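Novice: Whatever this is, show me its structure:
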Amino acid sequence: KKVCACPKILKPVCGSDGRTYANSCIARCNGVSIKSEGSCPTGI
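Specialist: Numbering: from 1, shown residues only. Coordinates below:
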């Protein structure tokens with residue numbers, strides 16, 4: 001099984017699954033799309 005290696009960049013974003021990613025590249029490798037900006041909350 002292959003997997004993407006997350007880069008060393010900062011200012012993460014929120015995918016359309018409702019989870020945090022270091023960039024759009026990572027959400028895409030999980031089958032998610034970018035939705036909003038910043039680190040996403042746990043749901044609180």
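Novice: Strands of the protein, start to end?
Specialist: With DSSP state E as the criterion, the chain has strands at 13-15, 20-21, 34-37.
Novice: Specify the beta-bridge partners of the spatially most central residue of the chain.
Specialist: Centroid-nearest residue in the chain, with C-alpha atoms, centre = their mean: residue 21, separated by 2.2 Å. Taking DSSP bridges, one obtains residue 13 as the residues bridged to residue 21.
Novice: right, and the strands of the chain - which one's nearest residue 1?
Specialist: strand 20-21 (19.7 Å; C-beta to C-beta). Placement of C-beta: from N, CA and C, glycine included.
Novice: neighbouring contacts of the closest one?
Specialist: With C-beta atoms under 8 Å, 6 or more residues apart in numbering as the test, strand 20-21 has contacts from 12-15, 27, 30, 32, 34, 39-40.
Novice: circling back to that earlier point, can you put the strands of the chain in a markdown table and add distance to residue 2?
Specialist: Below are the strands of the chain laid out as a markdown table (distance: least, C-beta to C-beta, whole Å):
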| stretch | distance to residue 2 |
| --- | --- |
| strand 13-15 | 20 |
| strand 20-21 | 18 |
| strand 34-37 | 22 |
